[PDB]
Every structure is written in structure tokens, then in C-alpha cells.
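Written below as C-alpha cells is the structure these notes are about.
Read-outs throughout are calculated quantities, based only on the coordinates presented, and are distinct from any laboratory measurement. Methodologically, a virtual Cβ is constructed for each residue, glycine included, from the backbone with ideal geometry; neighbour enumeration extends over all protein chains shown.
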Amino acid sequence: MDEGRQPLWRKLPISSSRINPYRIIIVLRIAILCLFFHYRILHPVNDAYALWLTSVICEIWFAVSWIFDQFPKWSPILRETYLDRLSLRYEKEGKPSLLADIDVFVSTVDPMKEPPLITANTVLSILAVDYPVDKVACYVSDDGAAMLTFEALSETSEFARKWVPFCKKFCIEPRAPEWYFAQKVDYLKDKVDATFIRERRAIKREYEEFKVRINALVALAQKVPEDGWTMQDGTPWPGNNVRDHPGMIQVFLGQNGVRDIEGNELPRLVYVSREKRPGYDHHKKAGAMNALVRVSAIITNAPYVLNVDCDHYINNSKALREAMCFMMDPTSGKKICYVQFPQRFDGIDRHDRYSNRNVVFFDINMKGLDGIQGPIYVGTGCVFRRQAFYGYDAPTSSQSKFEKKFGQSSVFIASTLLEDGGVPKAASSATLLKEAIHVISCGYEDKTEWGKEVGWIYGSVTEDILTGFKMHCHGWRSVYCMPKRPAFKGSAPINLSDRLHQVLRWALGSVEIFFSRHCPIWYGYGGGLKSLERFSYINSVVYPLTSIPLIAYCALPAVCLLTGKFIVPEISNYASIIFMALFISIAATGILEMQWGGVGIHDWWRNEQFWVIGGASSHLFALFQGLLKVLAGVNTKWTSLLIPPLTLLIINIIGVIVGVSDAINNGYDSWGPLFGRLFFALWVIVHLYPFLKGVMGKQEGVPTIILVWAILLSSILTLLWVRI
Amino acid sequence: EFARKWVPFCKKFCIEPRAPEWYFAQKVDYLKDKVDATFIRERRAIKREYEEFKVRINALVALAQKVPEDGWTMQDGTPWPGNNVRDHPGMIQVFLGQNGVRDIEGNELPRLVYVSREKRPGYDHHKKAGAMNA
Amino acid sequence: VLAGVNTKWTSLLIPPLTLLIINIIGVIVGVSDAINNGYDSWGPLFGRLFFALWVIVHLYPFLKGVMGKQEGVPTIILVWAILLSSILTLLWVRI
């Protein structure tokens, strides 16, 4: 049929008019880089040989990093989806829906650190998605086993009864009440229903009362009672001890249950808390996700799993349909491991002082990855296929064995064999809660492959990268869905401390992956993994190692300003021409990067600032911790990470002052290369300006101990450099 | 008269600040740290009452802009003693406090006293210092 | 007047962008010629650049829109402007 032959989606290669010059000047800049290195190596500095050697090592490292970064971006593409064809094929009006089932996972660890209002908003947004109510289920994992989360979910389930029909009737976007009622956009735009105003006022008042109720619940649960927590029916709370409690599973909505305001049903909401016992490693988020996968397979057994963070809400209600446009395709859907959505955040400054938007990565590197094998699974907002998580190869590219791979639960083994999802027919519905409690036992993952070859992979802080790499080495492919309206939105870090800690955590995870047996350099040699994807994985693994060449280079001018030497033997016409050509090539290549990627100058400029800041601050301590773990067994706002950048900044300032005094006030005459000498320090201080702005400005603050340490280290370094 | 409604609301709901104009013009989320189940309805009612109070104050200001021909007169027919700014006897009035009138909760309110010191021609009143001493 | 022919309209921005990039190229070339190579008695270059600054000061919004956000032009008009600027520069250098 003509309708059946029309694809549900199609790829849009970057038009040749914008991709041919990109490749041309990539090759050209490679040529000038090689010529520049040939010039630099063969002409050293006689009286400053050590400085020349350090500098040439630094640019060699920089060029290697640039090559490894630029190579994956050879073939960027875009992807376009058609929801009307999906409706024609699977969601035809009148006929029953043929869409596949969906499970959406949310994970929370502490109601004190993560306010229950945000989790309630996320749950409300998920429950109001534009999907059949019987084909979508929501699972919430609570690692803290706190009754506050249970009561917040119980109240959110009662508010959903009123919120979901309103959104479905009036096409409200976004479905999260907090972000919808706080929007400055005209809410009467494109609204045609005659009863919009009264119902909107009523639902706003109801939401305000719900917020007050949630605040009261939070206030009441602030202090633990003497005899532990108790429920509303007199029974004590099983999760009184955070580190010692049995597994708990509760169902709030769905089949049977209770209907909503319009009389229809609502998506099933399940509260799951895995068993915790002393002396057992729970593996934190990876173990929680594995337990959620097992529970969802036991109860609902949807064939696709949505990973949503607690602070991320479904902004676009059509995200599930867009995911199914790829995942339900008869040909591509078999070979797809997951669908990845871009990460967007709200509440960010207009200038994005901390580069929280991160436009450069998600709009250049992700698109380049999508053109070879698929984006790397990062963060949240990912639609995984169950068959990929089970350690199976791509279809289109032995009971004892099953018990050795999945576990000792035969119901889960039976559920794993359902291609289209759903509860297996040869399974009693009455005995389903007991098996779901069994699969979250602390000792279930014994002598099995969970966390090693199937599910989320342990052994690293950033388990997402490891899971994506393990799926990709099997030969699976991934897509990078980029909807017109962003599918998911979250909350950006407020101050610099949280961003620095997050960058340090990412770098530590990358280092741990590098030192483990799952390194892309020497793992995955089966032929399934593509060469360019392997290079991208290596680049994402050994990126923090570029901290050492950075921290030396930023310290190069100040030493020059405190010793009297230059890295260039003598300024010549040939050398000046080579330097100018290299700078022009770099600037032009960046220009076409913006042109094809659609990124403004401000965003990429501040992204470069933040990249330099991160490499100088967090990656250095990441490498220090890695070396300490290699050579020993020691380990650690954290007032130590800011010591290197501030020390280097004031070293550069002192060196600038000393050089100006020495070569102008006293010497003068033929000052010489002092113009570029000061320009280099100006570049360094510009790249590290935000630290000085925070230290000297407002809305910040640094303890005196770290400042004293930095000043003492700077004075010691300056005295040693002057003496030697 | 507006105090008899404003004060119990603030004391019950721990409203900060207590000035209605600055409280109702705050961009901070007013639902933060509020646990009472009847906060929204009472806040809406008190906001409407404060708007009506502002309208009444505006009407009073507009009415008193122009002095009448025979001087000012009170609401009971007696003339205003302070017709002349530089020549009037001292006036003391008590509005709230002990006895008086209770609020919407049945409790009393802090005493409010209106004091106007005597002014006569040829006498130096010393302005704010004299007013404070009086 | 002379015929009977007649016509975002991506032609109106061709003259200003072409003239702006011509001024930028001329500034760069003059700085290279009269400072990097010649130096000595550069002469009235302080005025010669300054006048050009005036132009780039007055036509700054076009550059801000082209390089900034909340704007954008197709590749065809940029290619036409670059080609016209290169042709004009080559003709001026040759003559």
C-alpha cells in the first residue's frame, strides 16, 4: 500500500552548501597545523630550551585533542518525524489503539534534598501525556524509603484526577502545573473552548490549595517522632530505618482503582522501594533502575522504558508518539537501542553565566554523533528498548542459561520473551505482587549478569556512558530525536559550586571508566562498534586528561613575565605568517561551526570560558584523585577546587605588574616582544575572568582560609621563580 | 476599621511584612512555607478588602482637596477645631484599645491615639522636636 | 525611466553588508601595509582608519544582526555579497 510504504520518519543531511566548506577547511586547518608543528619543532630556543619544550608539548596535546574532537563531526545530520502517519498507521480514530506499551521511570533519593513539589509536578506531567491510559505506566523509586514521598504521591494521585482531564480537554502545554501557571505568555492565545476561563480559575485555585497541602505535609514530616513514623491507618511505617527495611510496592491508579472527574481512568502510578539491608551494596541509581526494570517487567511488562529524572518534567505531551515514530518502525525499530532527547533547562540567566544551557555540545557534538551510530546516552530523557537491556544482539543488522543471566524468578524469564510487551498469558494475575516483591530482594542479583552485561552497568559514577557504550559495542544503533518543542525540561544549577561539583563528578567517572576494563581503547573489538564511534568514546573518556597541558599553558606567560624569556626565538615574517594563518583558520572554522550549528557568538564564547575554567579547576583534581587511587588508597562548598584557578590568576596579575615595571618603567628602550607577552596574559585572565568577578563582586563569597592558601602558594611560586 | 480585619489575618498566617501595600506587591511566592488550609480564600478576601480600603482612602483624599467656604465640618455636624493651621486648640482622640471595639476574632487591638498639640500665633512650636516632646 | 521592468527581500541587504566587509578588508590591508611592513612615517593613517570607523560605527547593526542572535540571512545573499566584495577589491588592487 502507498500509505504503508511512506516512512514514519526521514533523515535530513546537512546541505552540501554548508558542509563542503566545513570539510574543506577542516582538511586545510589540518595542513596548517602540521606545517606549524614542523616550524616549531625544528627551530628551538637556545637560552629557553625548557620553556620551548614545555610549550611544544602543550600545543602537541592541544592539536591531538582538537583532532580527536573534530573527527566525529564529519557527517552531521538531522531527523524529522511525522505524527500524522503514526496516527494513520497505529492510532486510527474509532479503531482500538495499536500503540505499544510504555513504562516511565522516576528516581528519588531524599525528600529533604529534593522537594516533593518538583517530583509531584513531574508525576503530574507524566500522567498527563498524550498516550492511551492503558498503554502507559509510571514507576517511582524511593531510595530513602521516606513516608513523605509516599504521602506526596498519594496526594498527587488525587490531584491528577482533576488536572489530567483539564489538560486533555484544553490542550494545555506544558502539563506541569507549576510551569504552566508561571508562564508570562498570553494563556488565552489559540484557545477556542467557551468554558476555558472559569475552569482555568478553578484549577488554579485547586493547584494553590494542593501546594499548601504539600507544604503542610513537608512541615509535618520535618521531625521524626519518638516511636518512629506511623501511617494514616495506625500501622507503623515499614521504612522507619533507611538502611534496614523490606521492599514496598503500592499501586495508586490504573485498572480498577478509581475513575477521574470525567469518569475515565488514569495511567497507573506505582510506588516502589527496594529492600535494603546492612552489609549489602545497593549500587545506588544503577541498582534502583535495575530493580525498577524487573518490577515493571513483572507487573506491566512494557517493551519500552522511559528514563525521567525527578527534576525533569515532560514539556511536550507528544514526546512518546515521537519516540514511537522511530521505535515502532518495522525495520529501524528492531536495530535501535534507545532514543535520546536533548537536555534543556529553565530558570537560567539570560546571559547564561555558568553555560548551563550548553548549546555547543547538544547542538554540535550530539548531531555529529547521530550521523555515525547514534548519540551517547547521557543524563535523562531516554527511551530504551528492553531487548537492548537484556544483552541481545540487533535482530536486523536453555532454561538454566536463562537462570544464570536474569535471575531465579521464572515469571521474569517468561516476561522477557514478550516481543510486543504485555503480561504473558501463562501467568496468574493474583500472584503478581509477591513476585514483584521477590525481584527487589537484596540477594536477587547473585550469580547473575545484572550490572555487568545486562541493565545499567555498575563500576562507574557515570553509568549512563558505560551502558550506552555496552549497547553500542553489541552493534545497536541510536537516534537523536530533536522535537520542535523540547520534550523535557529541568532545573539548572544555581551557583558555581554545584556546577563545579558536577563537572568534577563527570571527570571522576570518566577517569574511573578509563582505568577500568571497559575502556573503549582496548574493549569492544568484535566489529560491531564503528571506528568513529570508538574515537568519540575515547575522546569522551580521556578528555579530563587535557587539564595538564592547560594548566601549564596558562602559567606560561607569567613565568615569562617573571624570568625574561620568550617561547619564540625571533619574530620573523615566515613565523608571523604561519601564526596569522593558523589563527585565521581557527577563527573561520569556528565561524562555520556557528553557521551550520546555529549557535550565537555569546553562547560559544561563554562555553569556551567555562571549558577553560573547568579544565583548570575540576579536571586537575580529578586527575589528582585518579593518580592517588593508582598509587595509593586515599580519597577526599569544597574550598580546595578554587585554589588552582585563583592562584594562577593572581600569579598572572603579579607577573603582568612586574613585567610592566621592569620592561617599561626601568628598561624601556627596546622592550621587544612585550606586546604579545602581555596579550597572552590578557587572554588567560579573560578566560579566567569569572573567578575574579565572583571573588571581587557580589552574590558570591569565599572563605579566608582558601584565599590565604592561594596567596601563600602564589608568593612561594613567585619567590622560587625569581630566585631561579 | 481596616485594622480590625488586617491584624488577625497577619497574626494567624504569620504574614511578613505587615504593611498591606508592600505585602501585596511582593514578587516572592506567597504560598511558600504556608500550611494553613484556609490561606488562599482568606488572602483573596483580604486583598479585595484592601483594594476597597485604598479606593476609600483615595475618595477621602479627593474630597478634602478643596477647603469649603465655611471651613471643614465633621461627620456629626460639629465644625473641625483645626480649621486654622496656626491657631487651634489641642485635640486628643482615642480610636482602639481597652473598651472600644473588638476585631473579627473577638479580641482587642493596640490603642491608637491621635494627638494635635495646641498652636497659637507668636509662639515657636520648634517643629519635630516640640512635637516629640508633646 | 529607461525601461519597463520592475521587481524577506534578500537583495536590499547586499549593498550595506558588502560595503561593511569592504571597509573591514580595507582596514586590515591598510594596517598590514602601513604598519607591519612600512611603519616609519605612516602619515595620515590615524585619520584614514578613523573615517572607516565612522562607517563601521554607523552600519554596526547589520554586522550585529549577521553575527548575533534573533536574526539571520540565507547563504545566497552572503555568498553574493562576498563575491561582489572580492571582485571590487581585486579590481581596486589591480587598478
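Beyond a 18 Å Cα-Cα separation, which of these cross-linked pairs lie in this structure: A:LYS470/A:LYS530; A:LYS285/A:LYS489; A:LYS113/A:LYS637?
As for pairs spanning more than 18 Å Cα to Cα, those are A:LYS285/A:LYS489.
Net charge around A:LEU504, counting only other residues with Cβ within less than 13 Å of its Cβ (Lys, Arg = +1; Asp, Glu = -1)?
With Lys, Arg at +1 and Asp, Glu at -1, the neighbours total +1.
Whose amide H sits under 5 Å from the amide H of A:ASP346, counting only residues 5 or more places off or on another chain, with H placed in the peptide plane?
A:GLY490, A:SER491, A:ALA492
Report, in debye and to the nearest 20, how large the dipole of the stretch A:498-581 comes out about its Cα centre when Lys and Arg carry +1 and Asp and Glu carry -1 on their Cβ.
Dipole size: approximately 180 debye.
Please list, by residue number, every one of the trypsin sites (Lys or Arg not before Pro) in the stretch B:27-134 that is coil in DSSP and has at most 15 other beta-carbon atoms within 10 Å.
B:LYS27, B:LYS32, B:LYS66, B:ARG86, B:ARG102, B:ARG111, B:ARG117, B:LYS127
Starting from the Cα of B:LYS119, draw a straight line to each of the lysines and keep only those under 30 Å, dropping any in the same chain fewer than 8 residues away.
In chain and number order, the partners are B:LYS66, B:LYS127, B:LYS128.
I'd like the trypsin sites (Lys or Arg not before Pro) in the stretch A:206-314 restricted to DSSP loop residues with at most 15 other Cβ atoms within 10 Å, sorted by number.
In loop regions of the stretch A:206-314 (DSSP not H, G, I, E or B), the sparsely surrounded trypsin sites (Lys or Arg not before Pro) are A:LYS223, A:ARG243, A:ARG259, A:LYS284.
Going down the table (A:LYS318/A:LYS404; A:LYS162/A:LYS318; A:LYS211/B:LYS12; A:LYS284/A:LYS698; A:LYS191/C:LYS64), which pairs top 28 Å between alpha carbons?
A:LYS318/A:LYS404; A:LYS284/A:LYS698; A:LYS191/C:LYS64
In the stretch A:93-242, with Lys and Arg counted as +1 and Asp and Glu as -1 at Cβ, which of these residues, A:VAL242, A:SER125, A:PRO174, has the Cα nearest the positive end of the dipole, that is, farthest along it?
Result: A:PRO174, furthest along the dipole toward the positive end.
Which of A:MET1, A:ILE551, A:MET328 sits farthest toward the positive end of the charge dipole of chain A, with +1 on the Cβ of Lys and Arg and -1 on the Cβ of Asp and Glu?
About the Cα centre, the residue reaching furthest to the positive side is A:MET1.
Along Cα→Cβ, 7 Å out, is where each label goes; now give me the distance between the ones at A:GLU593 and A:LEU712 in nm to one decimal.
That separation, rounded to one decimal, is 4.0 nm.
How large is ³J(HN,Hα) for each residue in the stretch B:55-60, as worked out from phi by the Karplus curve 6.51 cos²θ - 1.76 cosθ + 1.60 (θ = phi - 60°), to whole Hz, x for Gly and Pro?
4, 5, 5, 4, 5, 4
Report the chymotrypsin sites (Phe, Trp or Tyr not before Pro) located in the stretch A:502-607 that are in a DSSP loop and have at most 14 other Cβ atoms inside 10 Å of their Cβ, or state none.
A:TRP522, A:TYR525
For the pair A:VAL634 and A:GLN399, what calculated FRET efficiency results from E = 1/(1 + (r/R0)^6), where r is the Cβ-Cβ distance and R0 = 60 Å, to the nearest 0.05?
The formula returns an efficiency of 0.80 here.
Report, for chain A, the % of DSSP beta bridges that are antiparallel, rounded to 5.
That works out to approximately 45 percent antiparallel.
Please compute the modelled spin-label separation between A:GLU199 and B:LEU112, points set 7 Å along Cα→Cβ, answer in nm with one decimal.
Modelled inter-label distance: 4.6 nm.
Short version: ³J(HN,Hα) in whole Hz for each residue of the stretch A:75-90, in order, from phi by Karplus 6.51 cos²θ - 1.76 cosθ + 1.60 (θ = phi - 60°), x for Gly and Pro, what are they?
Per residue, the Karplus-derived 3J(HN,Hα) values read 10, x, 9, 10, 10, 10, 10, 10, 6, 5, 5, 5, 5, 5, 7, 10 Hz.
How big is the dipole moment of chain B about its Cα centre under a simple scheme where the beta carbon of each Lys and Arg is +1, that of each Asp and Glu is -1, and everything else is neutral? Debye, nearest 20, please.
Using only the charged Cβ atoms, the result is roughly 400 debye.
Taking a virtual spin label 7 Å from the Cα of A:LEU582 along the C-beta vector, which residues in the stretch A:16-48 bring their backbone nitrogen under 15 Å of it?
Residues passing the 15 Å test: A:29-45.
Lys/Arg Cβ at +1, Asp/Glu Cβ at -1, dipole of the stretch A:418-547 taken about the Cα centre: which of A:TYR458, A:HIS472, A:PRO493 is farthest positive-ward?
A:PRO493
Stretch A:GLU3-A:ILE60 to full length: gain in nm at 0.36 nm per residue minus the Cα-Cα span?
The A:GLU3-A:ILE60 span can extend by a further 15.0 nm.
Nearest 20 debye, what's the magnitude of the dipole of chain A about its Cα centre given +1 on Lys and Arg Cβ and -1 on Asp and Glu Cβ?
So the magnitude is around 960 debye.
Name the most mobile residue of B:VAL55, B:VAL28, B:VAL101, meaning the one with the largest mean-square fluctuation, in a Gaussian network model of chain B with Cα contacts below 10 Å.
B:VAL28
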